[PDB]
């Protein structure tokens, strides 16, 4: 389940331990078959008496031992990564006295995909809260920064997509992973492939055909995320169902054409992210340096 690191071998700093009786649960932000993310109020998480809104990931009673081990591994990985500006930040956890609760910072504007879809009509390519090309380039940069950080920590996301990016204050995007808190059975972006329901349209050929996930396969999905970003939340390979013809076309070298709002130099990034040879793909660090140059020129 993890390519380079082994989360079961990662420690869990009890500095994160928070008493669950100090959490007041609110609305469900997202839910899957086995897990959910709930909005909560954490009393006494701040040094003063002040309460704060947090997001809490937990398992449902439908969950088995596999999901239980997975939520604990996720907590260890989040604790191991530590705080990064572009990654959703762990604030605490509840491991004693009941089911595992993973507590993170609450992100004001939800997932990037829904935000882009809500802002599709209030978009200005030129430089109320109008979305612009400057915002999209900044989101692309922040996601590449967060992913460069994850790769430096020998972490592979395996599900990089606009649906797994959160938007908070000051146009700050944060990489997250809904995982078990996403209803993948009813999400048309996850296809039935063998025993699994997989996000095939975001997946590198080697992940589809050989089940290999690497730094380079995350780069491929970043290319797809770029496409979704500069199409303002449109589904990738539009009008194309995931079938035999799709797998054939990907293996044969078919690639999406540029989305409507992508600068040529961003599309250049996408093309290289989609190289059939993983060794010819750029690293996230190379991508950061490229976008940085584009922002400076702008």
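Positions refer to the first chain, counted from 1.
Subject >> residue 127-residue 128 interval: deposited residues absent from the model >> reply: 4 to 9 residues lack coordinates between residue 127 and residue 128.
**OP:** Return whichever of 256-264 and 39-47 has the greater mean Cα B factor according to the PDB record.
**Re:** Higher mean C-alpha B-factor: 39-47.
**OP:** Could you settle it for me: does 216-224 or 105-113 have the higher average Cα B factor in the PDB entry?
**Re:** For C-alpha atoms only, the mean B-factor is higher in 105-113.
Original post:
At the C-alpha atoms, which of 86, 189, 73, 195 reaches the highest B-factor in this entry?
Top reply: Each of 86, 189, 73, 195 was compared by C-alpha B-factor; the highest is 195.
Original post:
With respect to C-alpha B-factor, does residue 169 fall in the lowest, middle or highest third of the chain as deposited?
Top reply: Highest third of the chain for residue 169's C-alpha B-factor.
**OP:** Grab the CA temperature factor for residue 96 from the record and place it in the lowest, middle or highest third of its chain.
**Re:** Answer is highest: the recorded C-alpha B-factor places it there.
Subject >> CA B-factor placement of residue 207, once the chain's modelled residues are sorted into thirds >> reply: Middle third.
Original post:
Going by the entry, which third of its chain does the Cα temperature factor of residue 285 land in?
Top reply: For residue 285, whose C-alpha B-factor we compare with every modelled residue in the chain, the answer is the lowest third.
**OP:** Ordered by C-alpha B-factor within the chain, which third holds residue 34? Give me lowest, middle or highest, please.
**Re:** Bottom third by C-alpha B-factor.
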